[PDB]
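Heads up: numbering here begins at 1 and tracks the sequence. Counting convention: from 1, in listed order, for ligands and their atoms alike. Just so it is clear, the values below take in all heavy atoms, side chains as well, and ignore hydrogens, waters and symmetry mates.
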Amino acid sequence: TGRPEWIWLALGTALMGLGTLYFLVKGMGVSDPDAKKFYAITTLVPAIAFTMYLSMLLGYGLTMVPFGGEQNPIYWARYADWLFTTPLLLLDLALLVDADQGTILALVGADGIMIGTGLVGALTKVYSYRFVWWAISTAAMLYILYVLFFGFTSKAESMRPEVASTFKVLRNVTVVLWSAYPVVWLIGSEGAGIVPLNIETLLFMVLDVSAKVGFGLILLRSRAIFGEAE
Ligand SMILES: CCCCCCCC/C=C\CCCCCCCC(=O)OC[C@H](O)CO
């Protein structure tokens with residue numbers, strides 16, 4: 001409670017934990033193999049985020065990085081979370097549209113580059129270089145978003161209508177919420193430092209719960225996760 005952002009870390013921990021438990025109960029009894037994949041991916045996402053939020057709340061997922069002549073508090077646990085949860089979210093989208101394996105690997109690999117370069121930027125001690133890493137990570141994000149809007153055209157013709165509808169909604173949610181991340185980083189403690197760490201933590205908490213629990217609620221309530229069966 002010594003850090004003003006503790007309240008948002010505590011709320012994030014609670015919301016990710018509750019979301020995990022809800023998805024775990026909801027997926028109980030699901031037998032359809034396709035739906036099992038979506039429940040597994042979508043329950044793992046907030047479960048991982050729960051552990052990383054808790055690690056930030058308890059102080060383990062925080063480190064001090066010297067730059068700008070200050071000791072800057074950097075929550076590195078965010079990147080350990082996003083390293084696993086962001087490819088999993090992309091996998092949900094890719095499995096919805098029956099994406100080719102080449103496209104899945106492109107997405108997951110670009111996503112690993114996005115998170116890894118974000119982590120390097122977050123830990124870099126030369127201030128100006130932090131924004132070089134931010135730019136590379138943003139380029140990887142833009143590549144991901146490009147693939148989500150222009151890499152699935154060969155699947156549109158054979159796509160079930162409920163699949164197309166649910167995918168279109170999730171793609172819109174993804175573009176809006178994922179785009180906000182580089183902006184928060186750029187203006188917050190890890191970039192220019194014009195927004196204080198407590199407001200940055202609040203912003204990432206709203207984004208993360210929306211991108212994980214909100215996204216999951218939309219996906220797991222849709223008919224698109226079940227194979228077409230009589
Ligand atoms: C001057 C800098 C030049 C280098 C900047 C690289 C830094 C990372 C930036 C973007 C990641 C790009 C991810 C690359 C993954 C592409 C995979 C691919 O090409 O997949 C196509 C295939 O047809 C299946 O869709």
* **Shortest protein heavy-atom distance from atom 10 (C) of ligand 1, along with the residue and atom involved** => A140 CA, 3.6 Å
* **atom 23 (O) of ligand 1 protein-contacted, heavy-atom criterion under 4.0 angstrom** => no
* **Numbering as shown, the atoms of ligand 1 that approach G102 to under 4.0 Å (heavy-atom distance)** => 24 (C)
* Structure fact -> Smallest heavy-atom separation, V169 atom then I218 atom, equals CG1-CG2, 4.0 Å
* Mutual orientation of the aromatic rings belonging to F67 and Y127 [parallel < 30°, tilted 30-60°, perpendicular > 60°] -> parallel
* Establish whether atom 12 (C) of ligand 1 and some protein heavy atom are separated by less than 4.0 angstrom. => no
* Could you tell me if the ring centre of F167 sits under 6.0 Å from that of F152? => yes
* **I48 backbone acceptor or donor facing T51 side chain under 3.5 Å** => yes
* **From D208 atom CG to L15 atom CG, the distance as rounded to the nearest 0.5 Å** => 11.0 Å
* **Between CD1 on residue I225 and CG on residue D34, distance to nearest 0.5 Å** => 9.5 Å
* Gap between atom CD1 of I194 and atom CG of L186 - 0.5 Å precision -> 7.5 Å
* Structure fact -> heavy-atom search around atom 21 (C) of ligand 1 in the protein gives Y143 OH, 4.0 Å
* To do: Starting from atom 7 (C) of ligand 1, locate the nearest protein heavy atom and write down its residue, its atom name and how far away it is, to 0.1 Å.
  => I136 CG2, 3.9 Å
* Structure fact -> For atom 8 (C) of ligand 1, the closest protein heavy atom turns out to be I113 CG2, 3.5 Å
* Measuring to protein heavy atoms, does anything land under 4.0 Å from atom 2 (C) of ligand 1? -> no
* Structure fact -> Atoms of ligand 1 under 4.0 Å from any heavy atom of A106, numbered from 1 in the order shown, are 17 (C), 20 (O)
* Does the protein put a heavy atom less than 4.0 Å from atom 16 (C) of ligand 1? -> yes
